[PDB]
Amino acid sequence: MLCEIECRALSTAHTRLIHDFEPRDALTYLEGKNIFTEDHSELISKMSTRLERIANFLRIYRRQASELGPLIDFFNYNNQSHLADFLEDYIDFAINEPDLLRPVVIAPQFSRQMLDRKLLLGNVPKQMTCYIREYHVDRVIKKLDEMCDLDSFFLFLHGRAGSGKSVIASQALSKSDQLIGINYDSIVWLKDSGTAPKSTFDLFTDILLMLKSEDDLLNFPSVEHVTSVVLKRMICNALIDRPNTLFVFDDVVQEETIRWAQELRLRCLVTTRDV
Amino acid sequence: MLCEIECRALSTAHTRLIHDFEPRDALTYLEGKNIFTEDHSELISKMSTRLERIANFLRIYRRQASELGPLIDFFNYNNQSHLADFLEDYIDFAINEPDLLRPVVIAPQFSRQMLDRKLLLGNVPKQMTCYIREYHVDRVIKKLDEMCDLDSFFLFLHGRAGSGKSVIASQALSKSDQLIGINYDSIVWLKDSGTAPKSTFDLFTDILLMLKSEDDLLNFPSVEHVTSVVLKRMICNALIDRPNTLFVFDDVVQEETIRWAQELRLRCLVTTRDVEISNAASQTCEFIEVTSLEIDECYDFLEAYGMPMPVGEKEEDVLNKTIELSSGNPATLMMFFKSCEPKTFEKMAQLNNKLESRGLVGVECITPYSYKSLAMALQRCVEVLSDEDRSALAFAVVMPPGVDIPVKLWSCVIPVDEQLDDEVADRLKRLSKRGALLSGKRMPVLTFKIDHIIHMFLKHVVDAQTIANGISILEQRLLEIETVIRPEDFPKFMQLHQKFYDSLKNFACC
Amino acid sequence: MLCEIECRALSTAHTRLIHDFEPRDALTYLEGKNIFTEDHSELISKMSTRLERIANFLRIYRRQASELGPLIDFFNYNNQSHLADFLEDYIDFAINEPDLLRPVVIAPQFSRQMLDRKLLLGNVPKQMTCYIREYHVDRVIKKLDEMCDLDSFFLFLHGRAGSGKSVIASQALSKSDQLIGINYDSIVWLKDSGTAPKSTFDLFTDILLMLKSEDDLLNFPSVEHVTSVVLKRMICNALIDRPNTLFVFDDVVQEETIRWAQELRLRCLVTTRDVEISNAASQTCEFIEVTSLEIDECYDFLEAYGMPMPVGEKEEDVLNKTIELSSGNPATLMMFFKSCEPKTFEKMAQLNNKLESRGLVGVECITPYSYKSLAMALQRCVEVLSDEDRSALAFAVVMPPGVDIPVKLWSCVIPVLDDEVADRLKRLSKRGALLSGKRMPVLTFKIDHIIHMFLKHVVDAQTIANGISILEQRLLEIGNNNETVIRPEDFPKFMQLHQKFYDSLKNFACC
Amino acid sequence: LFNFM
Amino acid sequence: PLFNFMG
Ligand SMILES: Nc1ncnc2c1ncn2[C@@H]1O[C@H](COP(=O)(O)OP(=O)(O)OP(=O)(O)O)[C@@H](O)[C@H]1O
Ligand SMILES: Nc1ncnc2c1ncn2[C@@H]1O[C@H](COP(=O)(O)OP(=O)(O)OP(=O)(O)O)[C@@H](O)[C@H]1O
Ligand SMILES: Nc1ncnc2c1ncn2[C@@H]1O[C@H](COP(=O)(O)OP(=O)(O)OP(=O)(O)O)[C@@H](O)[C@H]1O
Ligand SMILES: [Mg+2]
Ligand SMILES: [Mg+2]
Ligand SMILES: [Mg+2]
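Definitions and limits used
Residues numbered from 1 in each chain as written, not as in the entry; some residues may be left out. Chains lettered and ligands numbered in written order. Part of a larger assembly, values for the part shown. Heavy atoms only, no water. Residues with missing side-chain atoms left out of burial classes, pairs and counts. Buried < 20%, exposed > 50% of the residue type's maximum accessible area, 1.4 Å probe, protein only. Helix = DSSP H or I, 4+ residues; strand = E, 2+ residues; numbered from the N terminus. Pairing = 2+ DSSP bridges. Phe/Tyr/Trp six-rings, centres within 6.5 Å; stacked < 30°, edge-to-face > 60°. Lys NZ or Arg CZ within 6 Å of the ring centre and 35° of its normal. Contact = heavy atoms within 4.5 Å. Nonpolar A, V, L, I, M, F, W, Y, C, P; charged D, E, K, R; others polar. Salt bridge = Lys/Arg side-chain N within 4 Å of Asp/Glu carboxyl O.

In the PDB header, X-ray crystallography is given as the technique by which the entry was determined, and 4.200 Å as its resolution.

Going by the PDB entry, chain B carries the name Cell death protein 4 and comes from Caenorhabditis elegans. The deposited entry bears the title "Crystal structure of CED-4 bound CED-3 fragment".

Per the PDB entry, chain A is named Cell death protein 4, and its organism is Caenorhabditis elegans.

Rendered as structure tokens:
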């Protein structure tokens, strides 16, 4: 298999790999340097359009070869050197440099991404604007950054009632661009306010659904009946698709919440009154 | 069909079978060597994503082939030889050179980020960090390493209630990088706590479901109603895809669990309070007892979470009071810390007072323990007791705690349906064995002892009458004709222990 | 079609048939020597990859040709002779030799196959290890081998309750490697314990499912409703996929089981307590009786789990007290061990006391046995009993246990030429091994000790003293008519010989 | 007879 | 009573 840089190269150079190329030209050469097979090559050699031979050459190639060598050492010989120069230049801009781009910005207007799209879909409320408590929103953002490395943690933004905690959490995740995107991939903000004993399970049921794809919200079952251990397993399951994910638990009252959050090894912001 | 070794190879080598492979590449090469069927090949040939064809290829394959031959003889031909070389390496460092398997072909791929994934998916609770009991977690890991070869076995991590067992198991599967990956491929950690007779089946329903793939969690049938023989068979079925799988059974009370676990030839860690459930198993049974926290370890535990160490003599005494009171017990010590508010040694002695004049309810608190106070725990342990043993326990109140005392001296307060009272010893043994309520000590003379926590449990918990009745019923036999046991020249006068008796008699005029 | 050897050749030589070959080269030659067809050959000649032409040449070839000739006589001519030499050599290593491999071993670690995989999937329990009864497990394995040829048969591993039968069956199928793999292909071990009339059908329902593939356990229907003849047909159906299959029927109580097993022409091992269920089967019925643990095997059994062997004479006597009481019985011996706590001979004799003055309830413990005490087991063995046999047994309390005594000496206490007493006592030993027959010196029976202290704290407190009186009565009426030695007929008139124990029993009823 | 068998 | 509701 390749990796992120080399697949970024095979992906980046596609506008180019379509204007001039043909995989049959390379099939013998890869059947040769021992990186292909005559059924693989059968699959790629009898294909009606060239976009076929190209898409199969790029899918099929990534499994057999230990690296992206016998394709730079080919666009050279094939008078298609304008390809292999771009690719060797890129391999030099990665083998020869310990610096690239980090998690930052190169396709701007995260203003509709992070602000609009991700905040909104995680049900984060529309941050307050006409007044901001500097100190607190600041320390929240800080103390969230210090922990973006961590696997699971509690940040307790605790105070009096109506003391303004939730609003400040609204603001700390809506101001910056780091917390969502740089430090954490996604956001899930859920209000608890659970008092009954059935409430702490219902909560993580709607987490489990805050997680689920736009596809299969239709398929939603009579999920109401299934043990807690199964909902828990289903969450920490569906939690694979979620690298660095932040959880806001607005207005927690029951410590059963916090216990589930800690069995489920979640990363949690918590607005609450009882400390 | 394969087995646990060949499947341990197929499971260990999965990050790779995901990085470079395709089951379509192998279907044609395999219908030939006689390992498939046209529905098998139908099921694996039409699948939208590849992880589907791979999970179906490894499921159907682990069932179909007489051996793991026609899969080495394929990654080879397909230039994915970088795979078949790895698997032939594992099978060779398996049949011919054993032992060498863990250091050589298994270890060079450990990764402290894959573990947390495996722990989490096996629902292992987050290991404790601000203090670790070196010895026990160490010996657990050692004794687990010694048995990973074995096909099925019981390790019983048994102790008092709140004695700290489960946490230690959490740490023992979280310390090393060996136990998961090197010694065992996967973990399933399930808390039992089953009391109903239906509980022991529901548990293994959720084992069976802890096993099942994220796919076909959708498909769960009305299995709630399905025989025991079928849940068992369904498990040992779905258990093929699980080479060396470890089972933590946190807090087992019913020996029906242990019987299923041993019929299912499972590899089990078992945290429990009642130790005798192991009599259910005719097998390799090995034990690790979580004793009460020694006096020095308590210091370590306090320092560990930031507690100011004494200076004055009556401050080290305040803390020896706590250590004496909570007769070395993690959970009540923790509730104690969590409840020490100002942090002062002073308010700590305040609590030291509160414990004698309000029992555990004086220091009951929100703690990492599922329980407000150790009494909610001892509750169950006391209900489960054989009715007669329930009686013996109910009476061991009127003793002196943290004092080693002879059996006949017990024969006085303790009930029985002649002249040899050994029956007292039989009951007191069941009684320490089953929740660690007593304390046996063979020589100089056959003596037991009631600890301090296990006493103030009974204080504010048994019927107000039975105390004064046991005290008088004691004062009757009381006459007939330090690190030193009380001699037989001096039993007629228990007056040595008047203090802790002046306290119950004051207690019982209220 | 080919056969097992020749298809083993076409299967064995595949790593080879892939490196150098092409079926088109052969198509004309097979279209020619009359073993193919031009659509067959069409199917194989226009195929994109070579692995296609090869897999179709090997599937398609096996139907048309009477043998594997026109393919050896081809790899020769095609400069691919390195193939045809391997294949002619193999055909020589089969046409020319009446010897190959038999059912044995050439891919080792049947240790995870037969031990782990097949035993476990057939729900066979995890064989005992710290002690094995040689003789019995041995004869089981033997008598199973002798029959691996047979189409259906009953092996009755019958004995007392807790006598250890199931454990021995566990061991006989978990030790060897022959029984599973060599002699029989698969194992199915199912516990009966059926008492209701609905139980014997439910059993074979879970057989039918013990059989079913990992696929279609999902498809399990509301199968609960379908006639017995249909479940039976469904089993003997699904039984095609099962060449030489062994059936263990652990703990059978109802003879309806045995009848279904015999209508379904099954091969059966049976652990049971009641021996007469074999009269249900009209067949080679073969038997292995599980006797009481001999005094020396009891020693072996004690040593085996670490119990210290005697020294003083009244310590070997203390342990002969135990071996005498639990009249050689695995289960109660085990409960006994599990409950001997400190391990001392002292606390052991303590239990020896506890047993006479509190009965079996005195040593009841957590044991690998499903039963808290052997009395819970014998319970059932006693309920099934004919009402009249229930009576005879209920009265045999007032006898001397571990004493060989005449039929007439029994006719005094037992209800109704009174040989009929003997007939009942026979039914009674046959059906739970509750008694003990001994043909000569004189037709005499005997009641053991375990089978007594069951009855002590179990029969009506009155009926004890009444049996004692009904005896002292008919004894006296016999009085009015006028060691390795049986009690003579000049001396039945005084049961006072056993006065000691008779004196104890009496205190129990009268108080 | 037989206290619950 | 014989136990304040067992504890
Ligand atoms: N910038 C601000 N900071 C704090 N509070 C504000 C701000 N702007 C308006 N408020 C008012 O204060 C109210 C209380 O804020 P908030 O909802 O955060 O309370 P809370 O901390 O969530 O209390 P609880 O947890 O009990 O709901 C808001 O609903 C709003 O009416
Ligand atoms: N190593 C440790 N570090 C910090 N705290 C501990 C540790 N061990 C125990 N404790 C404290 O004691 C409490 C009880 O621990 P634990 O849950 O392990 O008890 P347990 O042995 O499982 O008892 P039970 O079997 O009754 O559940 C914990 O919740 C924690 O508060
Ligand atoms: N090697 C052994 N042989 C026989 N019995 C043993 C052995 N080891 C332990 N035992 C004890 O003897 C008990 C009785 O054995 P087993 O379960 O085979 O009785 P059984 O013959 O099946 O009686 P039933 O058919 O009435 O259940 C076992 O549960 C176990 O406690
Ligand atoms: Mg709020
Ligand atoms: Mg626990
Ligand atoms: Mg049995």
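Before going further, it helps to examine the pairing of strand β1 (residues 153-159) of chain B. All names here are of chain B. Within β1, seven of the seven residues are buried, leaving the element largely enclosed by the surrounding structure. What you see with β1 is no split at all: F153, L155, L157 and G159 on one side and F154, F156 and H158 on the other are buried throughout. Pairing of β1 with strand β4 (residues 267-272), which is carried by six bridges, proceeds in the parallel orientation. The residue of β4 that forms the bridge with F154 is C268. Where β1 and strand β5 (residues 285-290) come together, six bridges link them in parallel fashion. Across the sheet, the residue bridging to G159 is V290, located in β5.

Right, let's get into the packing of aromatic side chains. A full pass over the atoms with the stated rule returns 55 aromatic pairs over all chains. Seen in terms of ring centroids, A:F247 and A:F249 are 6.3 Å apart; in terms of plane orientation they differ by 10 degrees. Their pairing is stacked. Just as A:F247 is buried, A:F249 falls in that class too. Between C:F36 and C:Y61, the aromatic rings sit 6.1 Å apart at their centres with planes inclined by 50 degrees, giving tilted as the arrangement. Of this pair, C:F36 sits in the loop between α3 (24-32) and α4 (40-45) while C:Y61 sits in helix α5 (residues 50-64), and the two are 25 residues apart along the sequence. Taking the relative accessible area as the measure of exposure, C:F36 reaches 8% and is therefore buried. By way of ring pairs, the aromatic residues A:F21, A:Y29, A:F36, A:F57, A:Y61, A:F74, A:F75 and A:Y77 are connected into one cluster. Its guanidinium or amino end placed over the ring of A:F86, A:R16 lies 4.4 Å from that ring's centre, counting from NZ or CZ. When the ring centre of C:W260 is taken as origin, the NZ or CZ atom of C:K232, which lies over that ring, is 4.7 Å away.

Let us look at the arrangement of the chains. Counting contacts across all five pairs of chains that touch, the top pair turns out to be chains B and C. As for chain E relative to chain C, no contact occurs, and the smallest C-alpha gap between them is 24 Å. Separating chain D from chain E is a minimum C-alpha gap of 29 Å, and the two share no contact.

This part covers the interface of chain B and chain C. Facing the 45 residues of chain B at the interface are 42 residues of chain C. Every element with two or more residues in the side of chain B that touches chain C is listed here: α1 (4-12), α3 (23-32), α5 (50-64), α13 (228-238), α14 (255-263) and α22 (423-433) of chain B. Considering each element in turn, the side of chain B that touches chain C owes the most residues, six residues, to α13(B). For the side of chain B that touches chain C, the class distribution of residues is 15 nonpolar, 10 polar and 20 charged.

Before going further, it helps to examine the pattern of salt bridges. Enumeration over the complete set of coordinates arrives at 52 salt bridges over all chains. The shortest N-O distance in the salt bridge between B:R160 and B:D451 comes to 2.7 Å. With a closest N to O distance of 3.1 Å, B:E263 and B:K232 form a salt bridge. A residue pair is termed long-range when its members are at least 10 positions apart, and B:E263 in helix α14 and B:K232 in helix α13 qualify at 31 residues. Look at B:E263 and you get partly exposed, because its relative accessible area is 38%. Given a relative accessible area of 19%, B:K232 falls into the buried group. Connected through salt bridges with shared partners, the residues A:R59, A:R63, B:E22, B:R24 and B:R53 form a single ionic network.

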